[PDB]
C-alpha cells in the first residue's frame, strides 16, 4: 500500500463514476429509440434515451441537445471507455457524433476503517460539519469543507465518499476523517 497519499494504509474502492460529454450534434431521440434495441425512451417521464452496455457495465442518458451522461462505471477511464462506446453507437445510427468536452463530473467511493464508530460523539464534537438523525437515515452526513466532499459514515465503520471531481479528493477526504474516526472508536 502506498503510504504517501494513504498514511492510514486504507484505500477507498471507487464504486460509481458519473461523466458528461458533448456529441455536438442535434439528435432525433424518437428515431434512436426505434432502430436501437438497447434503448428505452419515455419523453413524458424523462426527455432522454436511456441506454446500457454490459462492459463497462454502464447506463447512459442521451438528450436531443447532443449532451450525454454516463453512469455506473467503476473508474474514470472505465467511464470514458463507456462514453466512447455510446458515442459510436450513436454515430452508427447516422449522426455526426463527436466526443467533445468529456468531464469527470462525480466520483463515488466506499471504504472500511474496520472498527465501530460512535456516530453521536462524532456528530457532537463536529456540529458544523455533521448531520445525524438515525430515524430518517442510519448514516451520519459529514460535509467536509477542504476538500468540499460529502462523507456518509456508519456505525460498522463503512464509509461512502461522494461529490469528488478528482480521485485525490476521494482519498484526501478519507485521510482527513480517519484520525477523527479513531477518536470516536466504539468500544
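Numbering follows the first chain given and starts at 1.
Relative to one another, 159-167 and 15-23 have unequal mean CA B-factors, and 15-23 is the one with the higher figure.
A summary of the deposited B-factors shows that, of 39-47 and 139-147, the stretch with the larger mean C-alpha value is 39-47. Note on 84, 74, 103, 98: the highest value goes to 98, judged by CA B factor as recorded. Split the chain's modelled residues into thirds by C-alpha temperature factor. Residue 93 is in the highest one.
Ranked within its chain, residue 154 lands in the middle third, by CA B factor from the PDB record. The PDB entry assigns residue 121 a C-alpha temperature factor belonging to the highest third of its chain's modelled residues. Among all modelled residues in this chain, the alpha-carbon of residue 70 has a temperature factor (C-alpha) in the middle third. When the CA B factors of the chain's modelled residues are split into thirds, the value for residue 63 lands in the lowest one.
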